[PDB]
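Enquirer: Protein chains in written order, with our numbering: chain A, 1 to 559; chain B, 1 to 559; chain C, 1 to 559. Take a look at this one; I'll ask things after.
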Amino acid sequence: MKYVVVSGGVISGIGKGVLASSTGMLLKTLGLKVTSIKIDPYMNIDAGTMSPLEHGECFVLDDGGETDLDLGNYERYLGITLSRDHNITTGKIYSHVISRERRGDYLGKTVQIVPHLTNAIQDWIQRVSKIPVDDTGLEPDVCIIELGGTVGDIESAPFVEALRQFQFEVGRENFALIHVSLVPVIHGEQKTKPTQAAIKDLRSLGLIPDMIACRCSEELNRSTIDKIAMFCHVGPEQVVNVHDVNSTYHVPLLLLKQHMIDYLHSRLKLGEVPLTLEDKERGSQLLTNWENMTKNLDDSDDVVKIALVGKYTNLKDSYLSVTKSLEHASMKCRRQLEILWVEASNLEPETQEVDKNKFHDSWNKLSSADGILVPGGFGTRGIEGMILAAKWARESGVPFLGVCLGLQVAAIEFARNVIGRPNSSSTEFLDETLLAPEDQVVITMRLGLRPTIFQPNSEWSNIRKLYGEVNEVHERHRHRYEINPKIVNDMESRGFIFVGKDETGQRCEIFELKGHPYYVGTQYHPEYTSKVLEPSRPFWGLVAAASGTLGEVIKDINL
Amino acid sequence: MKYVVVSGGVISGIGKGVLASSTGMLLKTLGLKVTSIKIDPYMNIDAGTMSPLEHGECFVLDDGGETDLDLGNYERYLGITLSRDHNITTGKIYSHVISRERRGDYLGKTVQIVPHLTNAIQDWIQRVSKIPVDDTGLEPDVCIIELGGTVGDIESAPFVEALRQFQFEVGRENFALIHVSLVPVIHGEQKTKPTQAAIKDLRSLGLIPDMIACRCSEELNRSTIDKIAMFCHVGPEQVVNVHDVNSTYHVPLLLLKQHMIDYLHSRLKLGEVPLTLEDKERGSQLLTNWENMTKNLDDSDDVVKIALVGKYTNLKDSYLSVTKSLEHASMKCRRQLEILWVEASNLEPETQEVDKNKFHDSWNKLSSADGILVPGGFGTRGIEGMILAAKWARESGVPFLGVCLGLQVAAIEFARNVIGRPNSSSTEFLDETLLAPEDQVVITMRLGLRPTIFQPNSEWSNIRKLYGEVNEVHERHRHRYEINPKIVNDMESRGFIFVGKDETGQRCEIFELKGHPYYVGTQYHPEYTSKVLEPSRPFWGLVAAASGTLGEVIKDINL
Amino acid sequence: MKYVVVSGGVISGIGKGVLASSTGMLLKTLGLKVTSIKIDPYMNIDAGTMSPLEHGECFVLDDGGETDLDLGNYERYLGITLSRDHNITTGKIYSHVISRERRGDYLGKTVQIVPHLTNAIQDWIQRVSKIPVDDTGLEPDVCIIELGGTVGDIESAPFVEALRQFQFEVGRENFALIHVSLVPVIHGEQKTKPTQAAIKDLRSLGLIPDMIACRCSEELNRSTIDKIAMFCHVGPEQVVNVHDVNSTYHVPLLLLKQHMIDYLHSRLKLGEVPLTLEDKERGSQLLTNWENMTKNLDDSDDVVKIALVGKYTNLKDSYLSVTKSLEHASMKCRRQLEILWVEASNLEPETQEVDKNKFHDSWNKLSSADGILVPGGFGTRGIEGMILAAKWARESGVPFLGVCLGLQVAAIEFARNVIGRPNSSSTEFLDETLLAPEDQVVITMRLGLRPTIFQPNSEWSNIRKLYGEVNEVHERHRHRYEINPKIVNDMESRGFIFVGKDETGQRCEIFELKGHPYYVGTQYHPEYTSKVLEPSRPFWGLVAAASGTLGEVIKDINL
Ligand SMILES: Nc1ncnc2c1ncn2[C@@H]1O[C@H](COP(=O)(O)OP(=O)(O)OP(=O)(O)O)[C@@H](O)[C@H]1O
Ligand SMILES: Nc1ncnc2c1ncn2[C@@H]1O[C@H](COP(=O)(O)OP(=O)(O)OP(=O)(O)O)[C@@H](O)[C@H]1O
Ligand SMILES: Nc1ncnc2c1ncn2[C@@H]1O[C@H](COP(=O)(O)OP(=O)(O)OP(=O)(O)O)[C@@H](O)[C@H]1O
Ligand SMILES: O=c1ccn([C@H]2O[C@@H](COP(=O)(O)OP(=O)(O)OP(=O)(O)O)[C@@H](O)[C@H]2O)c(=O)[nH]1
Ligand SMILES: O=c1ccn([C@H]2O[C@@H](COP(=O)(O)OP(=O)(O)OP(=O)(O)O)[C@@H](O)[C@H]2O)c(=O)[nH]1
Ligand SMILES: O=c1ccn([C@H]2O[C@@H](COP(=O)(O)OP(=O)(O)OP(=O)(O)O)[C@@H](O)[C@H]2O)c(=O)[nH]1
Ligand SMILES: [Mg+2]
Ligand SMILES: [Mg+2]
Ligand SMILES: [Mg+2]
Ligand SMILES: [Mg+2]
Ligand SMILES: [Mg+2]
Ligand SMILES: [Mg+2]
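Written as structure tokens, this is what we have:
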């Protein structure tokens, strides 16, 4: 087992998550089996309790774990499945040793942060990195650890102490440290004192960096490389840079151009790892596929515009799996994507009195779009604006996908306007008044990977054709509210077909509307099962439908 | 409310606990109401799970809290009652904020060590210092906080960060810092660089010391004072020393000789605290009583020897409340005390084969003693040796006190040798063989302050006369095993009278033997209710009985 | 825009102001945006010139408008902000059309009460009801107009004529009339001829009532309802009653029990007003919060007593915002309130010669109280009595709040007795003698919403913790006199800390005294920013401090 810590810097926004995911995928090009662990200094047990306004969305695993967003970067670059154990936190590990001290496994000893908590962290990392995470039976060859927060924040102290010990409690040449660090530019001169201070803060904790990975708005000067490589122990080829490029898929090839594998191939002795003839082929094949999708982003120009309608769209981190799911679906179509970020509340007619500027801009953006997405996220702000987007998309025949809350919004819209029930509404917020036209109801969560069964007549639907006309689908759920199953037959008779349901019925999971080119919704989040070469099927439907060629996509999928 | 932090140094053994207790009692000489809080960086919720081989005994509060030993130093110097809340720990406060984050009181925010855990520590200190701790109704004027561990140990980090904030979240002139620090002597020269480094480690965390309290084997030189007072912000009178004197009761008067009150009277503005005419009298009266008991230790010479028989007596911290209870009882008698530390196992005849030196020395020490104590502490090592000490004390008519296990050992001894049941024994360790002559049985703990009722005939006993012939007694329990109540009438008929029991009966709490000058035992720990001017009654009995004058002590108590 | 006139009756004391405020809040439970306008037949431009001995206190708006007291009932029930335009008067509107006729906008026409003044009233009501009054950007859906004085008083004539026209100059189903009327009981029989005469006086002016709201000391008999509903056009459900209950917060639920919303929901066609899904939730949520605070007044019993010390306390209308601010603060604590009304002059030692009865009763009341308030109000009567209450509260350690004059009285008290300047005094009344120990000085008014900045060291204070430790506070001022800033450093050195000041300094706005559980004063009136669910912070401090639990209140506010 090899370990690669990706760590620290001078700021919390530095973009470690891209570099960790990219470093792991580059190791996967050698054919190595790879896994990864995110460490969070926060005291929350999970990202589930904490609101999307901080650290972006929670990400859902097959376990039903509501983990930190960074686990999604690993799953979609590395192709692996992660467990709720792969997101370590301060909350998890203090809860673990405190529950263990009350149970008494420490034999009446005094329990202390060193050695007992730092040995508990090292036991967690040793257990969790040996969980098999590919579909194959094998234990991973390499583990990427991403150390969240910044080095020398008091929040991090047990993890920087544990990782010092770990560099010896596992062999050297089985452990290596990448430090990620800020190189700000002032008056056009590339200033280095922030990264020199961060390299000292690592040495103060006994962590010694094997590569320094600069984050900068420029190519590093050869003087900027030398002034760091002379201050730190790293050689000139071990001062990595990652530029402020928009395409995060280019980062693996920007690291490969900087010869970063050729250092780790020595520094971790990756030639001593045994590999089969299948492994080297499936490794090199994966690199050629990534050269092709990045070539397609360099030379595809013909924009498809998708409008994304939701709360707090200024927090673009709040929708990162949607963004990445749309980008995978646009690459599969060989088309460039624009996302138009529509703050759903500004669509509402009260905005035309309160701030007439925001009203006209938000309705410009929505009218402009070749297809529409309603992305999910609980909370009562802007839902009539999201209902207005679903209405516009139904009436103007514009491709629509509704994910989680977006499906319920389309059901409420179709009830208010096509069934003509003018006060039909979500149970989430009006039930203090005990309303009879319930569109949502409660059914304390439904979470993680679940089976959807396609209902027997559904063979006609574009969405069931996108799932290869298979009878069942596996996707990740997260909801407490679902469509009222008393009203379902009214919608299924008026043409809004609930194409798929849970095994028990009375719990709707996919709809497609008869008489529209692509108007679809899902109760699950299709984003989380997206992979770079195999996009999320409902999103491959939406981004093909917006472009045209949805028939040719379905004809392809029938091979 | 005023706060006085006592803190840190270069080593964990430095003796903060004496200085905190002494500083608080000196503030009590002004008539101020005083309280105190111990902070422990360990992850244990309580000292109850952890074995006496580390940090000495657990101390029992009236709550039944098995707290850190340092709470006992506060109760016996300050005269206060502490709650299980007055011992803060890493385990307590991480358990508190983690349970609070799962309950969700933090409104979906990300929870972090700063500000959320440091604000939870500051809320704990603010709540707990306002608990009334004297017998009177009033809230305390001053709180002493003792910061356990050492400054810049990673274990301490949330508490040194919290206390920086606290210096502002409560006013300056309502908070002050005492730093306690090591001044080692090499070649007879008093070296200062360890304390200069500890003063820098405080400044690095933003904590600024108002007094530096040196711990040294000498009087500080005036150069040793100046070389510290020139390096640090403290004036010459704010460099305190506490010498390696044996009598810890002299420390309050050694601080008073160094004019330490006259600094805090300015630095905490203690003249602005309102005080009544009763308060100043009961304050100054308390100082004169302490001048008298310390004068008596300077001029009493006529030694009483008590042998203390138990496990691990090399760990003299394991019996600190016994030691202090014996010292209070010897001072009340105006007699000097020697304790003879007898490792109970060495009394056993197997020792005479294994190491004949340890056998003869341990039996020398036991034969030498004017009275005998068997102190408690669970675990099967040496119990036949403790039975042999109880036998010797019964047969030779030598004063005996058995506390907790020491009472059960005397019951087992009296059963084996006076009732003549040769295999009668503790249920604690032989019950894998299901023995019928059970002396102990289980009755998951009995803990904290409980009532003992004296059984109706008991008026004759020296122990009930020592409790003023009152019908009931309040003392602190800690046990899972008690005397088999089926066998009690056999002992009460053979003369081993169970003088006191729980309200329900079938649970024995005090015995006295008919036909011995003072042979007594208690199921409770009488040590924990000892106070400097009012010693523990069973121990005032033992140390009077060893000296003679037990009648005159009882005649006094009848006033 | 909908209008609801609340009007008239047989007497000026009838309690329209409660019914208007309650009717508006009930409309706010539907989620409608609401506003209100008070009409006063008096010739004063504002309530600022007129003394508190008539129509109670003046109320201060954010504008600095010294408006009629009834505007405060609207702000505290409806949650809205009012402008100096929302109090219409005879003085305002005759000043408006006379200044407009001298300017000549009437093009040389003869100007007459009809149509020109009645059209000016209708233009005022149309302009002012469309001012946005919530924190949100929206124009109000409903306006409550309260017609002051009584119908057919000659003082009212232009307003009853204007409102007849207004019923057509705005649509019917956009205007409705509530008439409030007296139903006296004689020999236990509920006499109706006063209200029959008041209903005729409305018809004589062409105003037709849509509901009759009886004010009576009983439940109306069903015969009393029928004998009114047969004489007037109103149906049986449109004869409202409001009982002489003490809790004015119960009136909204007594109107809701009488189904009064279900009439206005038809009669104003409030189902035709568009509402969003947020609006209906924030509407129904507000009703549940009001059910809870009224449930708490039904089942809280554990009295806190506050003594209110001031001039003319027999005029309990003179302190209505203080009373309501104390009631909001007691409800937030879940405790019942008694106010003890202490006429401040009777505390003075001259009273013990003049009327020894009034002396002993006033000092009984002040000694009895768990906390003390000095409420403001200019004029030289009783100020030494208010100084004696401030003295008593400082010395006996009893919670104290001084508002406006009450802060200056506490500064004068602390100067006379703790600084020991025996003749230090207000500049307001002794300056004919040109005294050097000035405690007040003049600094022609300071009025309306202003910023207070907390001075840098103030983090310790209970008052700054009650304001959430925010650096700035927004509250309503009204004063010509302030603390002499030459003497401020003497008080700040002796412990009376001026915790907050104006942006410029030299103008003190909050004090808290070091060394008292809660002794505070404000130059602003904290009463006017009180709201039913969010009490005034200095008053939430006082009423918590009197009860105990001031720490737990501050711990709560830190969430
Ligand atoms: N080299 C990079 N190139 C482009 N974008 C980057 C780069 N580094 C960081 N970012 C961007 O900055 C944001 C944060 O990056 P990332 O998640 O990898 O940082 P992080 O250190 O893991 O932050 P966090 O601790 O919050 O998870 C993301 O939007 C990411 O795409
Ligand atoms: N000034 C002193 N004079 C005499 N003995 C001292 C002094 N300082 C410390 N000691 C002794 O050293 C031991 C530890 O002292 P103390 O309990 O006060 O230290 P501490 O800092 O509180 O240690 P801990 O953190 O383990 O509780 C005790 O036996 C105590 O009596
Ligand atoms: N229904 C009621 N229940 C309880 N108290 C009432 C009621 N109606 C009036 N009052 C009380 O009578 C006094 C005057 O009431 P209110 O201010 O509402 O009358 P008003 O018609 O507006 O008088 P004004 O014209 O002087 O403003 C207040 O103390 C008020 O609390
Ligand atoms: O204003 C002054 C005065 C003096 N100095 C002095 O400090 C020295 C250290 O040089 P710098 O502080 O400029 O550091 P650096 O260029 O090595 O590092 P970067 O942060 O640019 O990566 C010398 O340059 C000396 O003149 C300054 O740097 N700045
Ligand atoms: O062996 C050597 C050589 C050089 N130095 C040098 O270091 C200097 C600092 O002096 P010290 O290191 O002796 O420190 P100090 O006496 O101030 O502190 P204490 O630890 O005794 O309290 C000077 O004395 C200089 O000669 C040594 O201290 N020791
Ligand atoms: O003393 C007399 C004599 C005659 N009347 C006469 O006047 C009549 C009108 O009856 P009332 O004047 O009693 O009026 P009312 O009962 O309808 O109204 P309230 O004021 O009680 O609501 C009849 O009752 C007739 O006898 C009196 O009312 N009172
Ligand atoms: Mg941040
Ligand atoms: Mg990240
Ligand atoms: Mg140790
Ligand atoms: Mg200690
Ligand atoms: Mg009047
Ligand atoms: Mg009124």
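No residue lacks a Cβ here, since even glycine has one placed at the ideal position from N, Cα and C.
Below 8 Å on the Cβ atoms is my guess for C/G9 versus B/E272; work out the distance and round it to an integer in Å.
Expert: No, C/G9 and B/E272 are not in contact; Cβ-Cβ is about 59 Å, not under 8 Å.
Enquirer: Around ligand 4, which residues pass a check of Cβ closer than 7 Å to any of its heavy atoms?
Expert: Qualifying residues come out as A/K191, A/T192, A/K193, A/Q196, A/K227.
Enquirer: Kindly give me the distance between the Cβ atoms of A/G448 and A/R480, rounded to whole angstroms, as I take these residues to be in contact under 8 Å.
Expert: Going by Cβ atoms, the distance from A/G448 to A/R480 rounds to 14 Å, so no, they are not a contact pair.
Enquirer: For ligand 8, I want to know if A/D70 counts as a neighbour, meaning its beta carbon is within less than 6 Å of at least one of the ligand's heavy atoms.
Expert: Indeed, a heavy atom of ligand 8 lies less than 6 Å from the Cβ.
Enquirer: Which term fits C/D262, buried or exposed, when burial requires 16 or more other beta carbons within 10 angstroms of its beta carbon?
Expert: It is exposed - the Cβ of C/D262 has fewer than 16 other Cβ atoms within 10 Å.
Enquirer: With a threshold of 8 Å on Cβ separation, who are the neighbours of B/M260 within its own chain once the five nearest residues in sequence on each side are excluded?
Expert: Excluding residues within five positions, the ones whose Cβ falls inside 8 Å are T23, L26, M211, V240.
Enquirer: Strictly below 9 Å CB to CB, what residues from chain B border A/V114?
Expert: Simply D153, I154, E155.
Enquirer: Output, in sequence order along the chain, the residues in the stretch 82-102 of chain B whose CB is closer than 8 Å to any CB in chain A.
Expert: Going along the stretch 82-102 of chain B in chain order, one finds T90, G91, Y94, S95, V97, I98, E101, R102 with a Cβ nearer than 8 Å to chain A.
Enquirer: Quick one, which residues of the stretch 158-192 of chain A are near chain B if we go by CB-CB under 8 Å, in chain order?
Expert: The residues in question are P158, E161.
Enquirer: DSSP beta-bridge partners for B/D40?
Expert: The partner list for B/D40 (beta bridge, DSSP) reads B/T89.
Enquirer: The stretch 124-135 of chain B: which residues have C-beta closer than 9 Å to a C-beta of chain D, in chain order?
Expert: Included in the structure are the protein chains A, B and C, with no chain D among them.
Enquirer: Mind checking if C/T248 is an interface residue toward chain A, Cβ cutoff 7 Å exclusive?
Expert: Judged by the 7 Å Cβ criterion, C/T248 is not in contact with chain A.
Enquirer: Based on DSSP bridge pairs, tell me the residues matched to A/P451.
Expert: A/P451 pairs with A/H474.
Enquirer: Mind the definition here: the stretch 380-399 of chain C touches the stretch 436-444 of chain C only if three or more C-beta pairs lie below 8 Å; say whether that holds.
Expert: Because the criterion of three Cβ pairs below 8 Å is not met, the stretch 380-399 of chain C and the stretch 436-444 of chain C do not touch.
Enquirer: If you check the beta carbons only, do B/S223 and B/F539 fall under 7 Å apart?
Expert: Cβ atoms of B/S223 and B/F539: not closer than 7 Å.
Enquirer: Which residue from B/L207, B/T452, B/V183 puts its Cα closest to that of B/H233?
Expert: It is B/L207 whose Cα lies nearest to the Cα of B/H233.
Enquirer: Roughly how far, in whole angstroms, is the beta-carbon of A/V128 from the beta-carbon of A/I37, given that I think they are within contact range, below 8 Å?
Expert: The Cβ separation is near 6 Å, so the contact holds.
Enquirer: Per DSSP, which residues does A/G500 bridge with? Please list them.
Expert: DSSP, once it has assigned bridges, lists A/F454, A/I510 as partnering A/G500.
Enquirer: Can you find a heavy atom of ligand 12 that lies under 6 Å from the Cβ of C/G17?
Expert: Checking every heavy atom of ligand 12 against the Cβ of C/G17, one is found closer than 6 Å.
Enquirer: So what's B/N241 in DSSP terms, helix, strand or just coil?
Expert: DSSP places B/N241 in strand when its eight states are reduced to three.
Enquirer: Just to confirm the assignment, what range does the beta strand (DSSP E) spanning A/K2 have?
Expert: Run containing A/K2: 2-7, per the beta strand (DSSP E) assignment.
Enquirer: Taking the CB atoms as reference points, tell me whether A/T118 and A/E173 lie closer together than 7 Å.
Expert: Against a cut-off of 7 Å, the Cβ pair of A/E173 and A/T118 comes out as no contact.
Enquirer: What are the boundary residues of the alpha helix (DSSP H) that A/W363 is part of?
Expert: Run containing A/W363: 356-368, per the alpha helix (DSSP H) assignment.
Enquirer: Mind checking which residues open and close the beta strand (DSSP E) that includes B/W341?
Expert: Counting along the chain, the beta strand (DSSP E) containing B/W341 begins and ends at 337-343.
Enquirer: Within 10 angstroms of its Cβ, does B/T195 collect 16 or more other Cβ (buried), or is it exposed?
Expert: Classification of B/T195: buried, given that the 10 Å Cβ count is 16 or more.
Enquirer: Less than 7 Å between the C-beta atoms of B/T522 and B/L337, yes or no?
Expert: No, they are not a contact pair.
Enquirer: List the residues that DSSP assigns as beta-bridge partners of B/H525.
Expert: Answer is B/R476.
Enquirer: Mind checking B/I186: buried by the 16 CB within 10 Å criterion, or exposed?
Expert: Label assigned to B/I186: exposed.
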